[PDB]
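A.B. asks: The structure is given below, and queries will be raised subsequently.
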Amino acid sequence: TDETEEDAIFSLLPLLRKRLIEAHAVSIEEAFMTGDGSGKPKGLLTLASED
Amino acid sequence: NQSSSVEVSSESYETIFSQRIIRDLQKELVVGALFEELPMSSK
């Protein structure tokens with residue numbers, strides 16, 4: 001919001017960008033680990049289970 | 001008018017509309033900007 005950047009000594013944008021990017025990375029690695037097939041890539045654990 | 005032998009269709013040709021706006025007397029601003037203002041840069 002616009003009433004937070006003024007409502008703080010220091011900016012909070014770099015933190016926001018970093019958190020978004022690292023959220024993407026963590027989610028993708030977790031999904032490739034054990035993501036199911038429903039709307040998500042099949043994970044190696046799931047693939048080994050079904051085989 | 002509707003008194004002569006010839007008449008107009010409706011009042012919109014009996015009437016003239018003015019494009020000027022008028023306003024009444026309104027309350028004055030007194031306490032709004034008499035104290036001096038303190039600038040801020042945080043909560």
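Order determines the names: the first chain of the structure tokens is A, the second B, and so forth; residues in each chain are numbered 1 upward, and ligands are numbered 1 upward as they are shown.
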For chain A, report every residue with an atom at most 12 Å from chain B (counting only C-alpha atoms), formatted as an NGL selection string.

C.D. replies: :A and (3-11)

A.B. asks: Output N, CA, C and O atoms of each residue in that selection to a file, as a short mmCIF file (atom, residue, chain, number, x, y, z; two decimals), in the first residue's frame.

C.D. replies:
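Generated output (out_24.cif):
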```
data_model
loop_
_atom_site.label_atom_id
_atom_site.label_comp_id
_atom_site.auth_asym_id
_atom_site.auth_seq_id
_atom_site.Cartn_x
_atom_site.Cartn_y
_atom_site.Cartn_z
N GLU A 3 0.32 3.84 1.92
CA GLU A 3 0.40 4.36 3.27
C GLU A 3 1.27 3.51 4.17
O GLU A 3 1.13 3.56 5.39
N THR A 4 2.17 2.72 3.59
CA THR A 4 3.19 1.99 4.32
C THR A 4 4.59 2.45 3.98
O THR A 4 5.44 2.52 4.87
N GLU A 5 4.85 2.80 2.72
CA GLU A 5 6.16 3.30 2.35
C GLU A 5 6.49 4.60 3.07
O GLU A 5 7.62 4.79 3.53
N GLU A 6 5.52 5.51 3.18
CA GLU A 6 5.73 6.70 4.00
C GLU A 6 5.77 6.33 5.48
O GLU A 6 6.51 6.95 6.26
N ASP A 7 4.99 5.33 5.87
CA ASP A 7 4.88 4.88 7.25
C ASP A 7 6.01 3.92 7.62
O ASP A 7 5.80 2.82 8.14
N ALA A 8 7.24 4.34 7.36
CA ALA A 8 8.43 3.54 7.64
C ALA A 8 9.66 4.39 7.35
O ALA A 8 9.62 5.28 6.49
N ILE A 9 10.73 4.12 8.09
CA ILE A 9 11.98 4.84 7.86
C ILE A 9 12.61 4.42 6.53
O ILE A 9 13.14 5.25 5.79
N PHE A 10 12.55 3.13 6.22
CA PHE A 10 13.28 2.56 5.10
C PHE A 10 12.32 1.85 4.14
O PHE A 10 11.24 1.40 4.53
N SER A 11 12.75 1.75 2.89
CA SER A 11 11.92 1.14 1.86
C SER A 11 11.77 -0.36 2.09
O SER A 11 12.58 -1.00 2.76
#
```

A.B. asks: Name the residues in contact with residue A:30 at a cut-off of 12 Å, using only C-alpha atoms, excluding same-chain residues fewer than 3 positions from it; report them as a list in words.

C.D. replies: residues 23, 24, 25, 26, 27, 33, 34, 35, 36, 40, 41, 42, 43, 44 and 45 of chain A

A.B. asks: Taking the DSSP assignment computed from this structure's backbone, write out as number ranges by chain all residues of chain A that belong to helix (DSSP H, G or I).

C.D. replies: A: 2-5, 13-34, 44-50

A.B. asks: Do you know which residues are at most 10 Å from residue B:1 counting only C-alpha atoms, after dropping those on the same chain fewer than 2 positions away, and could you put them as a compact mmCIF listing (two decimals) with N, CA and C atoms, in the first residue's frame?

C.D. replies:
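Saved file around36.txt follows:
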```txt
# COMPACT_ATOMS: atom_id res chain seq x y z
N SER B 3 -52.91 33.22 -27.27
CA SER B 3 -53.93 34.25 -27.43
C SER B 3 -54.08 34.73 -28.86
N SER B 4 -53.02 34.68 -29.65
CA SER B 4 -53.06 35.16 -31.02
C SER B 4 -53.61 34.10 -31.96
N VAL B 6 -51.67 32.79 -34.23
CA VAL B 6 -50.54 31.88 -34.36
C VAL B 6 -49.96 31.61 -32.98
N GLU B 7 -49.63 30.35 -32.73
CA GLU B 7 -49.16 29.91 -31.42
C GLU B 7 -47.83 29.20 -31.58
N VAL B 8 -47.09 29.11 -30.48
CA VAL B 8 -45.85 28.36 -30.44
C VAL B 8 -46.16 26.96 -29.92
N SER B 10 -44.47 24.90 -27.71
CA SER B 10 -44.29 24.62 -26.30
C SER B 10 -43.44 25.72 -25.67
N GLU B 11 -43.37 25.70 -24.33
CA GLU B 11 -42.71 26.76 -23.58
C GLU B 11 -41.22 26.84 -23.86
N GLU B 14 -40.87 29.66 -25.53
CA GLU B 14 -41.23 30.82 -24.73
C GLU B 14 -40.18 31.15 -23.69
```
